[PDB]
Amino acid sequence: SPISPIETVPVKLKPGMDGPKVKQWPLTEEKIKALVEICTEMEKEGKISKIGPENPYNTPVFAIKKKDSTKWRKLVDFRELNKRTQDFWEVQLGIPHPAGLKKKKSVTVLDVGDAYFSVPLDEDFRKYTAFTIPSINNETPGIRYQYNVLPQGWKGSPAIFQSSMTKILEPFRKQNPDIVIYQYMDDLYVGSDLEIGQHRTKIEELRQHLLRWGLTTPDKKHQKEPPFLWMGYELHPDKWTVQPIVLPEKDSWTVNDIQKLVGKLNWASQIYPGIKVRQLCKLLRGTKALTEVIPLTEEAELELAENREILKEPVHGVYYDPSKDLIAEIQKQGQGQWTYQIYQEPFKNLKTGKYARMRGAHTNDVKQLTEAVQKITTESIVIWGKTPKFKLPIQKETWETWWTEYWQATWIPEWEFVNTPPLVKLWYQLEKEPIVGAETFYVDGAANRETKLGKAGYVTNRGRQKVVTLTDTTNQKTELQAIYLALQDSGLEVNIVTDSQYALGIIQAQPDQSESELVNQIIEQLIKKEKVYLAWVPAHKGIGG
């Protein structure tokens, strides 16, 4: 396979560093024999070359058989030189999403034998690529060699190669805008919407372009046929999808089985709307060994079921059409879990996805929903170069109420209410004003940093009162506890004056679900109530309260 008349990328070792100089370990005779055999072969091809022991550099070489087979492969251990080579420009720093590919009439796959070995290596560099095939046991000088092309497993090979590939294609692109080439590792995806005819022509005209450059490839009758497996997907002429997923049947699950399962599902949820996973996850937390068997929860089991339901019989995604619009719809699926779909024509998804994480310790739905929107917005810009029109389960009003009085700046792009329950709502407002004729509780909470015990309690203004003791708490915990008491002993309407910015903050947020248990109660209170007005003041600057 040829060796590219192309330019060369000047490499360099890291500042104040020198080449490698590692000693060659003794080798067995057969290993030594294979190397001699392999090298003179390579060397015949100018891939490598003989050098002196004047050249002071050395990296080690090894040689193994091959799994089961009867051949011999040469290993070079570039670790050290790799660790002295300049950093390069990260290779491919994203990968296309099938959902974003513009559909094409016809596309074929070209690949490339001797990827790295078809491209030259900056000359002043080869000196450091020095290795030595040692002589039978200790005796004698080994044979010394170095690279002319890009060695496998050296730091720069992937960048330089992809770079070269780009420089090469450059022209052929210029004179062929209607044609798209996706470079990947050492594969070539090429597509056009020109008729079966000049396609293969155009292909050949490409294989040639590649030849004039030392790049050799399969010809018709050698290249694969649709659906192309790639990066986990299945890419057909019309649709695309994730690859065959097999969720096995078993009696016992180990922490391993379940991890692998969660992974397959997450991967599948790109295009299978509805996939659930949280019951399965719970099973993972605070975890024992990998070999450990976890008894499936019943809820967990329902998931495993509801999941096979979805996966039973295939779903595909459509390609993208730069002309029409992007619509994204989201649904609340349950405890901080959200799910979405994007399509351009009612119900032919280009993709689906899910969002769950828990931003914060206390959050409400409206918050969560806008986080999804942002997460979907980014993913979208990356994929399509534009943001989609959204459809959300929230009234314009609910949304306008919350943003309006929220401390934090906020902002969803274009959307429209859509009526698909659960709808998103605020589960309670808090008063703007003190409530005339309704008890004023002044609550407080303290905690001994030492004993760790705390009093929590309140004293209202119809001279009522309570106090309580708490065995293992903190100030924070006590102050939530006071507000909790005051909320309990007061029915429908009540004013509460805390001097806890902490509790205040949390509650001004309209949380509606919270990691904290205690906060959740306060919440069940808050919904039961009918008119709550909460107010802060500084303490130890001791006041009317």
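Start at 1 with the first residue shown and count on from there.
TODO: Could you check the entry and say whether 478 to 486 or 59 to 67 has the higher mean CA B-factor?
DONE: The recorded data point to 59 to 67.
Open item on the list: Please compare 325 to 333 with 69 to 77 and name the stretch with the higher mean C-alpha B-factor in the deposited structure.
Closed with: 69 to 77 has the higher mean C-alpha B-factor.
Task: Deposited CA B-factor, highest of 397, 345, 195, 257 - done: Comparing C-alpha B-factors across 397, 345, 195, 257, the top value belongs to 195.
Task: Criterion, highest CA B-factor; candidates, 367, 207, 351, 391 - done: Across 367, 207, 351, 391, the entry lists the biggest C-alpha B-factor for 207.
Task: Ranked C-alpha temperature factor of residue 83 among modelled chain residues, by third - done: Middle third.
Task: CA B-factor placement of residue 144, once the chain's modelled residues are sorted into thirds - done: For residue 144, whose C-alpha B-factor we compare with every modelled residue in the chain, the answer is the middle third.
Open item on the list: Going by the CA temperature factor in the PDB record, which third of the chain does residue 535 belong to: lowest, middle or highest?
Closed with: CA B-factor rank for residue 535: middle third.
Open item on the list: Can you tell me whether residue 407 has a C-alpha B-factor in the lowest, middle or highest third compared with the other modelled residues of the same chain?
Closed with: Middle third, going by the recorded CA B-factors of the chain.
TODO: Give the position of residue 250 by CA B-factor within its chain, expressed as the lowest, middle or highest third.
DONE: Its C-alpha B-factor belongs to the middle third of this chain's values.
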